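Here the structure is laid out as structure tokens; the discussion comes afterwards.
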Amino acid sequence: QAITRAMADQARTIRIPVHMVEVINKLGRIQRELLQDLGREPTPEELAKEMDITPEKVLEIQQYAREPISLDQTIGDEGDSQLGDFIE
DNA sequence: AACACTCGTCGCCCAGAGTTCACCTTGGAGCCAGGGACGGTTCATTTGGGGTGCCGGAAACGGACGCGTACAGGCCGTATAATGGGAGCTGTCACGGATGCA
């Protein structure tokens with residue numbers, strides 16, 4: 001319990017409430033189970049059927065789950081300049 | 001090759017084209033005199049009309065005001081036993097100097 005609560009409260013650059021992290025992890029887990037079972041990836045409507053909630057909220061959860069990237073990671077094929085040198 | 005006729009060309013002579021030179025009339029062009037009616041002006045009405053400020057009040061209307069409901073985020077607890085990480089890939093060289101050992 002302590003480890004999972006701390007993961008939810010501290011693992012992400014943008015804090016996500018545990019009530020939303022739980023649904024994100026559950027969605028990912030059962031979606032990978034569905035992919036393994038069915039042989040293809042599950043579509044958002046199919047995943048919403050298991051979430052017992054609407055595909056709009058499924059998509060909102062999906063776009064919420066994304067994490068930021070570093071402004072200083074090298075973007076070029078070689079190491080020449082940082083991503084921060086491309087942002088207006 | 002010898003012989004006896006009819007036609008432009010010019011001058012001249014008389015009459016008017018039409019033009020000038022040069023004479024009488026009479027409709028003037030206008031100048032003024034006189035008399036409207038007239039249209040521009042002004043001033044009396046004239047009450048037909050615009051006007052209005054406010055309200056009884058009727059009804060919309062804008063909002064306050066109190067009290068219900070709604071997911072979002074947070075806290076909390078799950079009692080067989082479960083008792084020391086994977087993974088990292090590392091071809092540089094120069095080389096000054098500290099540095100842990102000499």
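Ordering of the structure tokens sets the chain letters (A, B, ...); residue numbers start at 1 within each chain; ligands are numbered from 1 in the order shown.
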Would you pick out the contacts of residue 73 in chain B at 12 Å or less, using only C-alpha atoms (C1' of nucleotides), so that residues sharing its chain but fewer than 5 positions from it are not included, and give the list as an MDAnalysis selection string? chainID A and resid 16:21
Just-selected residues, C-alpha atoms written as an mmCIF file, in the first residue's frame:
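To be explicit, this is the file written out as result29.cif:
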data_model
loop_
_atom_site.group_PDB
_atom_site.id
_atom_site.type_symbol
_atom_site.label_atom_id
_atom_site.label_comp_id
_atom_site.auth_asym_id
_atom_site.auth_seq_id
_atom_site.Cartn_x
_atom_site.Cartn_y
_atom_site.Cartn_z
ATOM 1 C CA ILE A 16 -1.882 12.518 -11.182
ATOM 2 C CA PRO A 17 -4.456 11.772 -8.449
ATOM 3 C CA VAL A 18 -4.450 8.152 -7.321
ATOM 4 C CA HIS A 19 -8.100 7.851 -8.372
ATOM 5 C CA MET A 20 -6.959 8.532 -11.959
ATOM 6 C CA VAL A 21 -3.705 6.550 -11.836
#
Taking only C-alpha atoms (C1' of nucleotides) into account, which residues of chain B are within 12 Å of chain A, as an MDAnalysis selection string? chainID B and resid 71:78
Expected file: the selected residues, N, CA and C atoms (P, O5', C5', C4', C3', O3' and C1' of nucleotides), as a compact mmCIF listing (two decimals), in the first residue's frame:
# COMPACT_ATOMS: atom_id res chain seq x y z
P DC B 71 -22.32 13.15 -11.61
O5' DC B 71 -20.88 13.23 -12.30
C5' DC B 71 -19.84 12.35 -11.88
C4' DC B 71 -18.67 13.13 -11.29
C3' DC B 71 -17.50 12.26 -10.84
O3' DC B 71 -16.37 12.33 -11.77
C1' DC B 71 -18.07 13.95 -9.19
P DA B 72 -15.57 13.69 -12.10
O5' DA B 72 -14.67 13.97 -10.80
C5' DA B 72 -14.78 15.23 -10.13
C4' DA B 72 -13.43 15.78 -9.71
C3' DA B 72 -12.22 14.95 -10.06
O3' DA B 72 -11.06 15.79 -10.09
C1' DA B 72 -12.78 14.73 -7.74
P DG B 73 -9.58 15.18 -10.05
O5' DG B 73 -9.24 15.10 -8.49
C5' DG B 73 -9.16 16.29 -7.72
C4' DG B 73 -8.92 15.98 -6.25
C3' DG B 73 -7.73 15.06 -5.96
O3' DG B 73 -6.95 15.61 -4.91
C1' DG B 73 -9.66 14.26 -4.89
P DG B 74 -5.52 14.97 -4.53
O5' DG B 74 -5.78 14.32 -3.09
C5' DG B 74 -6.32 15.11 -2.04
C4' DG B 74 -6.81 14.24 -0.90
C3' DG B 74 -5.84 13.13 -0.48
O3' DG B 74 -5.31 13.42 0.81
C1' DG B 74 -8.12 12.38 -0.56
P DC B 75 -4.34 12.37 1.54
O5' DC B 75 -5.34 11.46 2.39
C5' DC B 75 -6.30 12.07 3.25
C4' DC B 75 -6.98 11.03 4.12
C3' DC B 75 -6.05 9.96 4.67
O3' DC B 75 -6.39 9.65 6.02
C1' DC B 75 -7.76 8.95 3.39
P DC B 76 -5.47 8.66 6.87
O5' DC B 76 -6.12 7.22 6.61
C5' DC B 76 -7.52 7.05 6.76
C4' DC B 76 -7.92 5.63 6.42
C3' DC B 76 -6.86 4.57 6.72
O3' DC B 76 -7.28 3.78 7.82
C1' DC B 76 -7.98 4.19 4.64
P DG B 77 -6.21 2.92 8.65
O5' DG B 77 -6.47 1.42 8.16
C5' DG B 77 -7.74 0.84 8.34
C4' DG B 77 -8.04 -0.18 7.25
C3' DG B 77 -7.09 -1.37 7.20
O3' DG B 77 -7.56 -2.39 8.08
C1' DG B 77 -7.81 -0.61 5.02
P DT B 78 -6.85 -3.84 8.11
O5' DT B 78 -7.68 -4.68 7.03
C5' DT B 78 -7.20 -5.95 6.60
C4' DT B 78 -7.66 -6.23 5.18
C3' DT B 78 -6.90 -7.34 4.47
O3' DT B 78 -7.61 -8.57 4.60
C1' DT B 78 -7.23 -5.40 3.04
Please, which residues of chain A, numbered as in this document, come out helix (DSSP H, G or I) from DSSP, as an NGL selection string? :A and (2-10 or 18-38 or 44-51 or 55-64 or 83-85)
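Note that the spacing between CA of residue 70 in chain A and CA of residue 83 in chain A amounts to 7.8 Å.
The smallest atom-to-atom distance between residue 25 in chain A and any of A:4, A:13, A:54, A:73, using only C-alpha atoms, is found for A:4.
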Residues at most 10 Å from residue 43 in chain A, counting only C-alpha atoms (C1' of nucleotides), excluding those fewer than 3 positions away in the same chain, as number ranges by chain? A: 31, 34-35, 40, 46-48, 55
Could you save those same residues with C-alpha atoms as a tab-separated table (two decimals), in the first residue's frame?
chain	number	residue	atom	x	y	z
A	31	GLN	CA	-5.97	-3.48	-22.92
A	34	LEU	CA	-7.17	-7.94	-24.71
A	35	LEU	CA	-4.41	-7.49	-27.31
A	40	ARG	CA	-4.92	-7.37	-32.49
A	46	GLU	CA	-14.09	-2.14	-27.13
A	47	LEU	CA	-11.96	-0.87	-24.25
A	48	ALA	CA	-14.79	1.41	-23.14
A	55	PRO	CA	-15.19	6.07	-25.17
